[PDB]
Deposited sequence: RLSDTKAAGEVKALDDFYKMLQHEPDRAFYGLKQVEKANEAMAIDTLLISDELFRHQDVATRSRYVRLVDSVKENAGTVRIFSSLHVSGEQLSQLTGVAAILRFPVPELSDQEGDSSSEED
């Protein structure tokens, strides 16, 4: 609902300002280091089944909230979550561009 609105806005951002729409954990982590994130979009599959990697995901979630961002956790039982999953399970809409990409 909010989930599908956010993901719509992600695809919109790819058209409107591509430098404010990233996917992939490395890109999204770089954007959070700059505190640039508007919304983090994450599949709950990524928490499901490896301690280090899961911890990396939980740090990211908490850190994004600490940086005045919003996190939206997607089920994978609709087309919306399935699509996020095709983008590696993590994406972000950025509030600001990150000049260093």
**Prompt:** Can you list the gaps, in order, where the deposited sequence has no modelled residues?
**Reply:** 1-7, 57, 110-121
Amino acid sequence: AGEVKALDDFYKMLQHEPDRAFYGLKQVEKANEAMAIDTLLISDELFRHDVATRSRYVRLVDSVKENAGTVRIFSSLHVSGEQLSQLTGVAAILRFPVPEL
From here on, numbers count along this sequence of modelled residues.
**Complete:** Once average C-alpha B-factors are taken from the entry for 78-86 and 18-26, the winner is 78-86
**Fill in**
Mean B factor on CA atoms, stretches 52-60 and 32-40, record says higher is 52-60
**Asked** Of the three thirds of its chain by CA temperature factor, lowest, middle or highest, which one includes residue 98?
**Response** middle
